[PDB]
Structures are given as C-alpha cells and as structure tokens.
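Take a look at this single chain, the form deposited in one PDB entry, given in structure tokens.
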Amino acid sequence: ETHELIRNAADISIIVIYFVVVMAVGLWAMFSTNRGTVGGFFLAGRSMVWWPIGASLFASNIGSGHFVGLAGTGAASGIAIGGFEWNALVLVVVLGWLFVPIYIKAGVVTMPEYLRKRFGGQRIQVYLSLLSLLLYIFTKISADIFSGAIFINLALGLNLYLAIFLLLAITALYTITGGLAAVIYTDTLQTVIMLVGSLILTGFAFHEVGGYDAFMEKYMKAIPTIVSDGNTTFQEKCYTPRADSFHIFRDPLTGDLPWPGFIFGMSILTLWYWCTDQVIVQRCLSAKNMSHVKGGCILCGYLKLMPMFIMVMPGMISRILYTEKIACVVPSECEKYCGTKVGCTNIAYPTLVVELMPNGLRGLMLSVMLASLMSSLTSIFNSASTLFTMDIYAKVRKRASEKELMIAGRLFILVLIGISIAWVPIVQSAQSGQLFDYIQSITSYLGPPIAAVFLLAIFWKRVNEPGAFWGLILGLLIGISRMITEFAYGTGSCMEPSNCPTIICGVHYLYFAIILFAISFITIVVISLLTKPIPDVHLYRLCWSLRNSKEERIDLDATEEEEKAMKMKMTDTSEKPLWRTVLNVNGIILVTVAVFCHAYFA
C-alpha cells in the first residue's frame, strides 16, 4: 500500500524530532515576548529582527495548500501557477516601501483600525473585520485543511479527524498564548526546514527525471495509456499535456491563466493578500525598526522565487514518473487510485514524496509538508484573534481593560480552532476535485473591493466613509451575485462542458476580479465626490500626501515623558543613511531578479 511506506522506522523518528524542535522553539519564544500587554503580544513588542520577519512572511503564505495545489495543478497545465509566487515578491517590495511606513506611522494594530482612523466610522471597521474573518475562515482554512487531508490520506494512514486534531493541538500549545513573537520564532524554523528538505526533494526529482532538458522532453509525452472505457472516451484534452505548458504568459482567452488576467488580476488580489490582508502585515508591524521590515520583505521575496522550482516543477516530475496516476481521465481509474472521480491530479506532490525519496528522506519530507500547514494555520489564528479583539470585541465593550482583551483574543483562538475541526467534514465529504478553483474564485470576488478601498485610503485624500462603505457594499453584492450564480450551476467538467451562461461562466475568475476592482474603484470615487470631504486636519500621516507632515492630528476615532518618547519611537519610521541605501539597493536587486525570471520562462 502507498500509505505504509512511511511506517518503517526513520520516518517516525524524523517527524517526532521535528515536532519536538518546533514545540521547543515555540515555548522558548513564548517566554521571550512580554505577554500581558497588547503592544508585546499582538505586535511582539516591536523588537523582531529583520530575517525572522522575512521568514514569517514566507511561512504564513506558504502552506500545505501551496505544495498540494501547485504540484497537482502543475501536472495539469505547466508553469501557469508559478507566477503567483513571483508576483508576490514585487508586491511585497511595494508593501515594505509604501504601505508599512504609513501603518507604523499611524500606530494601527489592525488594518480596519487604520480605515476607521482615516474615515471615522464604526461600520467600516466592523464590516471589514467581519468580511476579512470570513475570507480567512473559508479560503485559507479550506486550503490548509483540504491539502492536509490530501497528503495525509495519500502518505499517512491517519484519518482526517485525528490528524487535524493533533496538528491543531500542536499548533495551539504555542499559538493560543504566544502572540507574534512566538509565531515568528517558531515560523523561522518552519521556513528553514521547508527550504532544506524541499531543496533535497527537488534535486532528487530532477536527478531521477534525468535533468531539466530531459525533464522538458519527457513531460510533453506523459499521456496516460488509458483514454477509453466506461461510458465514453474523452476528447483528447482532458489528458494530453498542454502545448503552452512551459510558458507563464499564455493565450489571453484560449488558455487557462491568460496573461492579461494573469498579471493584472493577480496583482489586484495580491495587493489584498500582502498589503491589505491582516495575516501578512502583522509580521511587518512587529519589527524592531523600519529597516528590519525592509530586510524581512526582501528576504521573503528572494526565497519566494524558490516556490516554483520546489512545488510546480516537482508536480510535473510527479506526472512524468507516474503518468498513469497523476494523469488519469477515466472515472473508473481515477476513483480507483486516490479518491475523487474526476481528479487524482491533486496528489502529485504527496505521491512524489512517498515514492521518489528514500526512507529517511521521505520522513523528513513529509514533515516538510506538515511544516507548511502549521505555519499558515498559526498565522491565520493569531491574525483572526487580533482582528476580533481590536474591532468587534473592542466595540462590544468600550471600557474593556487590557487583560479582558487578551482573554477575549485567546478564547477567539480556541473557537476558531474548533471551527477547523467543524470544517473537516465538509472538506472530506464534498467533491473537492475542483476545490482550489473555488478557493481562488472566492478570493477573486471579495478581494478587489478591499484592495480598492485601501489603495484609495492610502494614495488619495478625498475619499470618505460613505464612499468607502457603499463601494465595499456594491462590490460585495456583485461578487456574491456571481459567486452564487457560479456555484448553483457549478463549474464545468472537461467531458461535460459548463452548464451556466457565458456572461458569468465564460469570464475567467481573474477577469471578473479585475472588472470588480474597476467597478468598486469607480463607485468609491463617485460616491466620495458626492459627499462633503474630510478636511486634511484629520488625515495627517494617514495618506501618502501627508505622511511626512508633523503637525498635530485630530483623530477621527476620538513616566509621562518616557511614555511619550516610547510612543514616538514606536511611530518613528526613520533609518540610518547607509542601512537605508543598502536596503534600497537590495530591493532593486530583488525586483531585477524577478524581472529576469519572468522573462526567462514566460
């Protein structure tokens, strides 16, 4: 059986040693955080070094969802997905240089808090907090848990219930009461283990496929023997490899992930994921200085070039070695091998792991997959706790002390942990052969409005609370309309094409993301220009025009000397000359490397 190879010996030893090390680092960092005050728990004390910030930025994004989805979908259509990671680096640079300086200069623990400070209404913050939490609980928790299930059932023998329970407990021991200091200090280990074990796997896979050139040639002839049987044969497009496989920039309409939608829509919802989304920014706001965030974000981008060569390429190698398993089309064979009737394309990475590498390497590598999942789940849980405590619980009790907010955050971590075990039945039982398509569709409907509202709350001065609210509501209504109309009719199978009309279903979800971005942008601008503006007195240091200004600010949400100095330092965003120069230069180098890679493959 495929789930007994890891049973031998060194597999268990390596996984248990990994667990011991991660738990130990979590506990040590738990006693190095000054927990008990919000400044030290949710923001880690604003004392994090540069490189742990970068490590956490990588490991919070990269989860089991990435490994499973990238490898499997790479077995479907080539390098198409890799560019997600690559767009990440450009936008992380953008984040580090533009968005974090304002948020630090605004003293905003949460992004909805920044929006309240700039706009001056409770409903904006409440709506954004609730929507962001729903996006968390659905998209990211689903990605992590589903991919956990896939690589667990294929590689291990553990039932989803026990496995997800144990992973949640291991996480909970340090995330529930660890805050960002514990998160990042345990996350740096996740990142290091991931990079090491995954470099070993990619090297082994490329050696066994015979190198990159032979990899290219062999991949294009990985056509499954069986294309017949059952009710009917299949149209020579559900199994054959794609001719545009090795190009990132594919046809604008004919191909999956067309280049216009690719670059534009991907940037649009990546501004949500990195610059506006709560999970990633907390990592940047927990810094010791303003140069440490730039160091972290450059490192994150530099080793965000790696993902493709470690997830997309192995998936292809998984297809080439085991084409019959990772390229089945016949419903009988597909239902036979792993599970879902249509699919079996999602098991490319875990089959490559459980088969390619030797015993000890298989153990360490399976623990890499676990390392992926734990980091993302820790990140989302802590960020959801921060959002809840800072907006919803804060507005349900205006006289709450710090201890009450801390206990509220911890209880929210507990409840949101329980939501994941409540989620495992849906993810297991539902027909999830197209799960990642749905996850990206969900993120492509509710993201662009929030990206627009924040890009206008920063790079603009006239927007106001009516405009932001009603643009967000309109964008939500459009996204929900399309989402319901696409889920009710359901996304089309290869043998049985789509049911639903071409206006809704014909448009690729990235194209609809950009369209919704444009509509929300226009609506926010129009409604804002109809209502009286917010004077500049209330917007010092909250818009890109006024960040340098040092006049007194009338907040829209409205020792002593030592406390004032500490506050000013926490809002201080100035670095030394030489360090600033080095950080600008290395950021430019990172973006250059990305442009070179984009041009090299695409």
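Only the largest set of C-alpha atoms that superpose within 1.5 Å between the two forms is called the rigid core. One-based numbering along the sequence shown.
One more form of this protein exists, namely the form deposited in another entry; it is left out here, but the text below deals with it.
Visitor: Just one of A205, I413, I79, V93 has a C-alpha that shifts by 2 Å or more between the shown form and the other one on a rigid core fit; which is it?
Guide: Among the listed residues, the outlier is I413.
Visitor: Please state whether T254 has a C-alpha shift of 2 Å or more between the shown form and the other one, with the rigid core used for the fit.
Guide: Comparing the forms between the shown form and the other one, which are aligned on their rigid core, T254 does not shift its C-alpha by 2 Å or more.
Visitor: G360: after superposing the rigid core, is there a C-alpha shift of 2 Å or more between the shown form and the other one?
Guide: Where the cores coincide, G360 shows only a C-alpha shift between the shown form and the other one that is less than 2 Å.
Visitor: Would you tell me if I473 moves between the shown form and the other one by 2 Å or more at its C-alpha, with the rigid core held superposed?
Guide: No, its C-alpha moves less than 2 Å.
Visitor: So the CA-CA distance for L162 and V22 moves by at least 3 angstroms in the other entry. Closer or farther than here?
Guide: Distance between the C-alphas of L162 and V22: longer in the other entry, by 3 Å or more.
Visitor: Quick one: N153 and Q428 C-alpha atoms, closer or farther in the other entry compared with this form (3 angstroms or more)?
Guide: The answer is farther, because the C-alphas of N153 and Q428 separate from each other in the other entry by 3 Å or more.
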